[PDB]
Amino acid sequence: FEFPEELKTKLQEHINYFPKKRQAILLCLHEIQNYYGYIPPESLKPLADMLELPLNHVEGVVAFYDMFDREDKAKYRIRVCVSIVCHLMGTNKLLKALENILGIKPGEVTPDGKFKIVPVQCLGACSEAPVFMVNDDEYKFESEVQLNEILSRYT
């Protein structure tokens, strides 16, 4: 397995950013997941080499951090807050609307690999509950009609 030069160049930039190469590990894994739509297991040995860390170290870091996904490729991750304030203000209404539009539940991917619903803890936007993200974009859920408009922008 080899990193495409465009991705490899970004990874080297992160590794060169901090005073110590190993400090770039999370920025590199974010970059890899951004590129592939998940962390390919095969990607970890080359990354370990670039960070000058043992593979078992890199594997343990991927396992520890909940944003990284080695299982499912998805173009867009719909992160739905399931914590106290979003639960009080209508997490279940948002999940119902997502099921009506996409036909999937939390933990599932659409058949085209486009959308994965990821249940997450408090996203720190609680005044705007119930909260969701679509990759890096973050939104208050108002209604199914409003959610349908937002999702139409992701192609």
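Numbers follow the displayed sequence, beginning with 1.
Asks: Which has higher Cα B-factors on average according to the PDB entry: 13-21 or 132-140?
Replies: The entry gives the higher C-alpha B-factor average to 13-21.
Asks: Given the B-factors recorded for C-alpha atoms, which segment has the greater mean, 49-57 or 88-96?
Replies: Looking at the record's C-alpha B-factors, the answer is 49-57.
Asks: Please work out which residue in 44, 63, 118, 125 has the highest C-alpha B-factor recorded for this crystal structure.
Replies: Highest C-alpha B-factor among the listed options: 44.
Asks: Among the chain's modelled residues, which third holds the C-alpha B-factor of residue 101?
Replies: Highest third.
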